[PDB]
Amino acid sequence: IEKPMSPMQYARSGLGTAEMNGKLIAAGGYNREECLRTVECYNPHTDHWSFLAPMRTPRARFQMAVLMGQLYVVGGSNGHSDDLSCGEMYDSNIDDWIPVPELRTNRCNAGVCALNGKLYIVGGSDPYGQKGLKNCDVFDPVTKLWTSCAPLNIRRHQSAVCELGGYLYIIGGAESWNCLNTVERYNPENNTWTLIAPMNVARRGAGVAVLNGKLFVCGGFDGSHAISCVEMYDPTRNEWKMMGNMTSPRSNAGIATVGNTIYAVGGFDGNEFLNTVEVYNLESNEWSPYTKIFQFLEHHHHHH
């Protein structure tokens, strides 16, 4: 009737995550052992993880966006001594990755996000530098043409990015070794970045999920700890609020909304690389690694 959620097969950090067909996608990332090209997929109804088609090459320190029902991955790094990594598009119907040569780059830890049918690429860094980038560039996957975009006010990498209400929010990150609690909002109507209410806690490698028309920033690294703090942002009020803490501290983990439940997966807890998963509960304001098993013949469930 109730069980702790099945962890991933591989421990992952610096992974990309996204929702698709009511399932949680966890692509790539790395750990103390290796870099990953495998893509895992959690079915909440059956509480099983399964593999999607692997990426062309191992990819970590990258971000993933959904654009018109399709996953795009941009940037990242490997252990193959090859800065260049072609962009990849995932067709959910075929279960295979399509190359997008126009998205080939060596940019790492950049915010990758969709908005008005275009793919935004914000901040990040060359795979060796710690100094951030202000750069913003827009890719139209239909016309395959790039277009210029106003730069950030503050250079940053490992920021959490997301789209809500037709604006982009870039959240925290790091400038050199300095973690940021600053948050910038992009307005595509007049091409501007605005500094909005900062977070309570400065974070790099934090994750974000949009739910109930609000942003839920979860985890990251505050210059000392890999933390488990969660603070929400309410656009209509322009202010942050500390929420229930994750059951594990996670930096550079995977944060995404699947259905109307926020999921947290993988990450680095300060000592070990994680493969665990947990969910947030909105009304109760609590995280839990437990899930209630779906039975369906009398007492029969997918765990036999």
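Residue indices: 1-based, along the sequence shown.
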80-88 set against 109-117, stretch whose average Cα temperature factor tops the other in the entry: 80-88
With respect to the recorded C-alpha B factors, which stretch has the higher mean value, 291-299 or 8-16? 291-299
Say you rank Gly29, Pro249, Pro54, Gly259 by Cα B-factor from the PDB entry; which sits at the top? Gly259
Comparing recorded Cα B-factors across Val39, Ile255, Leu67, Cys35, which one is largest? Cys35
Could you place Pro44 in the lowest, middle or highest third of its chain by Cα temperature factor, using the values in the record? middle
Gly129: CA B-factor among chain residues, third -> highest
Would you check the entry's CA temperature factor for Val73 and let me know if it's in the chain's lowest, middle or highest third? middle
Chain-relative CA temperature factor third for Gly266: middle
Chain-relative C-alpha B factor for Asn178 (record values, thirds): the highest
